[PDB]
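One structure is given here, and the rest of the page talks about it.
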Amino acid sequence: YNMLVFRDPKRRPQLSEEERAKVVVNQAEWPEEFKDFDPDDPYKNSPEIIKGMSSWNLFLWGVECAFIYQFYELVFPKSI
Amino acid sequence: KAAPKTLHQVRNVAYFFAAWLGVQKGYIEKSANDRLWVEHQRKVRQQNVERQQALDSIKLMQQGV
Amino acid sequence: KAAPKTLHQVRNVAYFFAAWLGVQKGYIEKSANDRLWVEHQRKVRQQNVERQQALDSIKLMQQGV
Amino acid sequence: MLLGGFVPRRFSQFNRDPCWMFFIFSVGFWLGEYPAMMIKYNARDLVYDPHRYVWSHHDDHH
Amino acid sequence: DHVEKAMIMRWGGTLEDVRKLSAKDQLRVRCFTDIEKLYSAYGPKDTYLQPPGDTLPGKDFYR
Amino acid sequence: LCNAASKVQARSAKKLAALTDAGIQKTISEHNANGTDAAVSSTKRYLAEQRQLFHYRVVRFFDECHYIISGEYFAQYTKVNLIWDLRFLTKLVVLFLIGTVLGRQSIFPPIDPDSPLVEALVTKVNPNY
Amino acid sequence: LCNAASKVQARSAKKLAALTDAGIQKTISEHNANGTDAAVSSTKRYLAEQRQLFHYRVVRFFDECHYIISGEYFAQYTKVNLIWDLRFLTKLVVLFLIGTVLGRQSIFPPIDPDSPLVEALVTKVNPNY
Amino acid sequence: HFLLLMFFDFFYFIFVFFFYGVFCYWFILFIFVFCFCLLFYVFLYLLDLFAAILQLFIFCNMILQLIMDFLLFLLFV
Ligand SMILES: CCCCCCCCCCCCCCCCCC(=O)OC[C@H](COP(=O)([O-])OCC(O)COP(=O)([O-])OC[C@@H](COC(=O)CCCCCCCCCCCCCCCCC)OC(=O)CCCCCCCCCCCCCCCCC)OC(=O)CCCCCCCCCCCCCCCCC
Ligand SMILES: CCCCCCCCCCCCCCCCCC(=O)OC[C@H](COP(=O)([O-])OCC(O)COP(=O)([O-])OC[C@@H](COC(=O)CCCCCCCCCCCCCCCCC)OC(=O)CCCCCCCCCCCCCCCCC)OC(=O)CCCCCCCCCCCCCCCCC
Ligand SMILES: CCCCCCCCCCCCCCCCCC(=O)OC[C@H](COP(=O)([O-])OCC(O)COP(=O)([O-])OC[C@@H](COC(=O)CCCCCCCCCCCCCCCCC)OC(=O)CCCCCCCCCCCCCCCCC)OC(=O)CCCCCCCCCCCCCCCCC
Ligand SMILES: CCCCCCCCCCCCCCCCCC(=O)OC[C@H](COP(=O)([O-])OCC[N+](C)(C)C)OC(=O)CCCCCCCCCCCCCCCCC
Ligand SMILES: CCCCCCCC/C=C\CCCCCCCC(=O)O[C@H](COC(=O)CCCCCCC/C=C/CCCCCCCC)COP(=O)(O)OCCN
């Protein structure tokens with residue numbers, strides 16, 4: 001998949017179909033971060049850097065900073 | 001009852017208080033401006049009255065009674 | 001999948017559409033008023049120009065070249 | 001060269017990497033500064049300078 | 001620098017004249033300069049071209 | 001300043017203990033044990049559900065539109081439906097009026113330049129407002 | 001006008017079927033069987049819970065105030081708490097500015113009668129606005 | 001860079017002073033214009049990115065061509 005011009009790298013298969021069919025998958029050994037692993041969404045279960053900090057919260061933080069940048073002089077104007 | 005891991009409610013009350021204080025700042029500013037303009041209009045009316053009185057006085061002198 | 005016992009979603013869309021149509025009515029009204037006032041100010045400026053030209057013409061006649 | 005790295009699948013995943021957290025903060029600033037300009041520069045009480053015809057950059061560069 | 005030049009040129013031609021204004025007035029003037037910047041080549045040309053008959057001060061106001 | 005705060009806290013604690021809802025009490029106990037906020041958790045659960053039910057809302061809207069258009073809705077029309085429709089009409093009218101006021105950004109219609117009320121605009125006490 | 005509506009309904013139906021949340025699917029199936037609205041039910045449940053958690057919010061507010069005032073909050077202060085406090089400060093500043101603008105009911109400060117900008121007010125193109 | 005500056009100025013103008021049309025009855029026109037502006041924005045940025053590298057390539061190629069015009073190669077025996 002892509003996010004703008006940033007494309008997610010994909011690992012090339014190395015096993016042949018015959019060898020691959022003989023592989024037994026045991027997700028009990030997998031880490032909890034990667035279970036029901038999906039190539040189209042590998043980070044669905046990945047932990048947040050800061051607990052409770054959503055992406056929307058950061059976006060809104062930036063929006064508020066922009067509003068402050070544009071509106072601070074309207075409330076606290078300064079002379080030349 | 002463990003210690004709170006988040007301070008959401010205090011933050012909400014602080015948000016309300018910040019908005020309220022801003023509202024008070026704006027209200028004070030607007031009220032002061034309104035008082036200034038009321039005084040200005042009163043002065044304008046007084047000046048108009050004085051001008052009318054001066055005009056009437058000059059007309060009275062022209063009448064020459 | 002039985003027939004719907006409530007029509008909440010249709011009603012919500014209708015509420016949005018009603019508010020939007022009211023907004024359009026108000027916007028049209030305001031735009032028309034703004035156009036009227038723009039034309040009025042243009043006429044006022046034109047009248048001021050004509051008055052200035054007439055004053056200049058009278059001053060020119062007083063100059064008597 | 002754009003070879004690899006963490007790529008969030010959707011908006012909700014931008015908080016899974018500090019660098020993309022900073023990126024989404026910056027995107028918020030970028031996109032939210034436009035609404036602020038709309039509100040500020042299309043305000044009812046905004047008034048043009050009475051002395052705007054006293055001087056303009058058009059005079060100076062000409 | 002451009003903002004200060006506009007303020008000085010439009011309101012006396014001297015820094016002291018600008019400082020005679022209040023902070024609110026300076027805010028208004030600076031925001032009008034921002035307006036001019038945002039229009040630039042597409043905004044209305046009455047922001048810098050005085051229409052005939054306009055009662056506002058002209059270029060020889062302070063001269 | 002402290003006695004009042006203690007009194008308010010005690011009153012709210014009594015009211016919280018009074019309610020006899022098993023689910024509410026269970027959630028309160030669990031969050032108190034974990035030290036988290038129950039109200040914020042409820043808000044996040046609600047927003048998550050609404051985010052996941054958006055396309056359900058769209059499907060329901062189309063189903064309701066088919067139900068109304070097909071005439072099946074009016075076949076079983078009763079007085080209760082009449083009451084609901086009257087409520088719906090009232091909300092539509094009020095929303096249209098509010099929309100008009102917001103659209104023109106004024107409670108009253110603007111005054112035309114040729115109107116005799118222009119004097120009122122000229123003689124405003126505060127031209128800023 | 002009808003093909004577009006059918007396409008939108010089909011897309012939303014596919015997306016609704018795609019989600020693999022047991023609770024959401026169970027609620028959707030139950031409401032479809034009963035003919036009720038799941039989204040509206042979620043909203044009503046949320047508002048009921050918030051109505052029943054008001055005094056819990058008050059108690060939590062007082063507990064958090066005691067936690068902060070006692071100094072225990074600053075004893076375990078970390079960088080994450082610093083990030084949260086910076087977010088909190090930014091929201092406070094933006095809310096104060098918005099409150100000021102709403103309080104004076106104007107984006108810009110009002111012009112005083114003795115200011116030289118009064119001419120600008122007099123020369124408004126539209127005195128109504 | 002002249003082209004980029006002029007287009008950015010136009011986009012700022014229409015975005016700031018005509019976004020209110022989203023709430024109006026002519027919203028479709030504004031959405032069409034905005035989408036066109038986004039497309040032109042992306043196209044201009046891609047074109048500039050490609051052109052900068054291409055220009056550097058040509059700049060070095062000219063110098064190497066000067067050098068190659070006077071080089072004489074011997075054959076090993
Ligand atoms: C995939 C691409 C990604 C980006 C790629 C890179 C960039 C490329 C460039 C383009 C980028 C586009 C922008 C990024 C996307 C943003 C939207 C998004 O996905 O958000 C998900 C996000 C959910 O994601 P999440 O991470 O799971 O969040 C979890 C929860 O939100 C829970 O979060 P929480 O736990 O943090 O909660 C925090 C808290 C905080 O909650 C809040 O504070 C709620 C927000 C309130 C409004 C405040 C400001 C909102 C910002 C508006 C201005 C935005 C300008 C920039 C937008 C640019 C868009 C292009 O929440 C609450 O307490 C609940 C809210 C209850 C209050 C509701 C009532 C609000 C009243 C507001 C009053 C003020 C109104 C004005 C008038 C006032 C007059 C007095 O959904 C929303 O919340 C959306 C709501 C708002 C929708 C409109 C926003 C603006 C327009 C966006 C258009 C985007 C177009 C994209 C097209 C894609 C097509 C393929
Ligand atoms: C002219 C045009 C100008 C346009 C300017 C620009 C317009 C905006 C453009 C965009 C700008 C950038 C974006 C900025 C967004 C900022 C807002 C935001 O994000 O909010 C989310 C934020 C929560 O985000 P979070 O921290 O991420 O939440 C995490 C969880 O989601 C938490 O989830 P949860 O479960 O907690 O969810 C519920 C939560 C979330 O709810 C919301 O999201 C609320 C709606 C959000 C938008 C609010 C915008 C506010 C802007 C100013 C006001 C405009 C009207 C708003 C109408 C709201 C109607 C509900 O509720 C609250 O936030 C509650 C707040 C109220 C607390 C009430 C406590 C009062 C206690 C008083 C005690 C006094 C005792 C005195 C004793 C003295 C003894 C001596 O909430 C707020 O900021 C709430 C602000 C509320 C301000 C109200 C001010 C009203 C006016 C003053 C009061 C006057 C009447 C009463 C006087 C009484 C006498 C004292
Ligand atoms: C200057 C000062 C002037 C002051 C004037 C006075 C101020 C007011 C004073 C008080 C007056 C008396 C009280 C009146 C209250 C009326 C409101 C009320 O009660 O609401 C509850 C009522 C629901 O009550 P209910 O039926 O009992 O609900 C039962 C359950 O609780 C249902 O629960 P639930 O689970 O459903 O809960 C969610 C529900 C409840 O949510 C709410 O409660 C929402 C907030 C309620 C207050 C809203 C007030 C609205 C007033 C006007 C706008 C002001 C700003 C509002 C900001 C809201 C931000 C969220 O959400 C909604 O209602 C959703 C509504 C939006 C539907 C969106 C659908 C759009 C589809 C478009 C498709 C187009 C396709 C075209 C294809 C063409 C092909 C050729 O909801 C509404 O009425 C919603 C109205 C929304 C109007 C939005 C208009 C925005 C402006 C136009 C759009 C412009 C931008 C977009 C253009 C796009 C191009 C087309
Ligand atoms: C005894 C002790 C007493 C202590 C009392 C303490 C009182 C404190 C009172 C409140 C103080 C508030 C200070 C901060 C606000 C200052 C506002 C200000 O000056 O604004 C003017 C300035 C602008 O100044 P300006 O007015 O010159 O700019 C205007 C420019 N024009 C005219 C062109 C528009 O505003 C800003 O620059 C705002 C910038 C944002 C501020 C918030 C930053 C938050 C952090 C963001 C970065 C980190 C993100 C990380 C994300 C990823 C994480 C992994
Ligand atoms: C206290 C605020 C209350 C908020 C309620 C808002 C309700 C508004 C409903 C109607 C809106 C449309 C009105 C159409 C006409 C608007 C004309 C206009 O520009 O009005 C300005 C008011 O305009 C503004 O200040 C605001 C402009 C737009 C603000 C945008 C708000 C935030 C938008 C966020 C966008 C982010 C992306 C979201 C995408 C969703 C839609 C695709 C004032 O006009 P005048 O005073 O006559 O002219 C002044 C010149 N001397």
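All values below were derived from every heavy atom in this structure, side-chain atoms included, with hydrogens, water molecules and symmetry-related copies excluded. Residue numbers begin at 1 in each chain, while the letters A, B, ... track the order of the sequences.
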Query raised in the report: Which answer fits F/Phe61, side chain, backbone, both or neither, if we ask what part of it has an atom under 4.5 Å from a heavy atom of chain G?
Result: neither
**Report entry** Point-to-point distance, once rounded to the nearest 0.5 Å, from CG of G/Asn3 to NZ of G/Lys7
**Finding:** 10.0 Å
Requested in this report: Under 4.5 Å heavy-atom distance to chain F, tell me which part of G/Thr43 shows up: side chain, backbone, both or neither.
Outcome: both
Report task. Determine yes or no for a side-chain-to-main-chain donor-acceptor pair under 3.5 angstrom, with F/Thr100 supplying the side chain and F/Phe96 the backbone. Result -> yes
Report task. For the pair F/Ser6 (side chain) and F/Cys2 (backbone), establish whether a donor and an acceptor sit closer than 3.5 Å, ignoring hydrogens and angles. Result -> no
Report summary line: To the nearest 0.5 Å, atom CZ of F/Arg57 lies from atom CG of G/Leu16 at 13.0 Å
Query raised in the report: Applying a criterion of heavy atom separation less than 4.5 Å, what residues of residues 67-81 of chain G form contacts with chain F?
Result: none
Report summary line: Residue from G/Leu53, G/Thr27, G/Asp63 scoring the most non-hydrogen pairs under 4.5 Å with chain F is G/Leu53
Query raised in the report: Quick one: salt bridge (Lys or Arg N to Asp or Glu O under 4.0 Å) partners of F/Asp85, sequence neighbours excluded?
Result: C/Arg11
Query raised in the report: For G/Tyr56 and F/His31, what are the C-alpha separation, side-chain angles and deciding distance, and is it a side chain to side chain contact (heavy atoms under 4.5 Å, CB included)?
Result: CA-CA 11 Å; G/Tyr56 171 81; F/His31 285 283; 4.1 Å; yes
Report summary line: Assert top hit (heavy-atom pairs under 4.5 Å, partner chain G, pool F/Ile28, F/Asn32, F/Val8, F/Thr36) equals F/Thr36
Query raised in the report: Just how far is it from atom CD1 of G/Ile111 to atom CG of F/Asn126, taken to the nearest 0.5 Å?
Result: 9.5 Å
Query raised in the report: Under 3.5 Å, side chain of F/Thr90 to main-chain N/O of F/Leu86, donor-acceptor pair present?
Result: yes
Requested in this report: Side chain from CB out, backbone as N, CA, C, O: work out which of these in F/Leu19 comes under 4.5 Å of a heavy atom of chain G, or both, or neither.
Outcome: side chain
Query raised in the report: What part of G/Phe54 lies closer than 4.5 angstrom to a heavy atom of chain F: side chain, backbone, both or neither?
Result: neither
Query raised in the report: Atom NE2 of F/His66 and atom CZ of F/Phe62: how far apart are they, to the nearest 0.5 Å?
Result: 13.0 Å
Report task. Would you list the pairs meeting salt bridge (charged side-chain N to carboxylate O under 4.0 Å, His left out) in which at least one residue belongs to residues 31-46 of chain F, sequence neighbours left out? Result -> F/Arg45-G/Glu49
Report task. With a 4.5 Å heavy-atom cut-off (strictly below), which parts of residues 113-125 of chain G touch chain F? List them by number. Result -> G/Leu121, G/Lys124
Report task. Answer with side chain, backbone, both or neither: which region of G/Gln52 has an atom nearer than 4.5 Å to a non-hydrogen atom of chain F? Result -> both
Report summary line: Between the CG atom in G/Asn128 and the CZ atom in F/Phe108, the distance rounded to the nearest 0.5 Å is 12.5 Å
Query raised in the report: For chain F, which of G/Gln105, G/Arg104, G/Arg11, G/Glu64 has the most heavy-atom pairs under 4.5 Å?
Result: G/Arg104
Query - Heavy-atom closest contact (F/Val58 atom, G/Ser12 atom, distance) - result: CG1-OG, 3.5 Å
Report summary line: Here the pair of heavy atoms bringing F/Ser41 nearest to F/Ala38 is OG-O, 2.6 Å
Query raised in the report: About how many Å separate NZ of F/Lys91 and CZ of F/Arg87, when rounded to the nearest 0.5 Å?
Result: 4.0 Å
Query - Contact class of G/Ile24 relative to chain F, heavy atoms under 4.5 angstrom - result: side chain
Query - Partner chain F: residue of G/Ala13, G/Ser42, G/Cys65, G/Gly23 with the largest heavy-atom pair count (under 4.5 Å) - result: G/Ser42
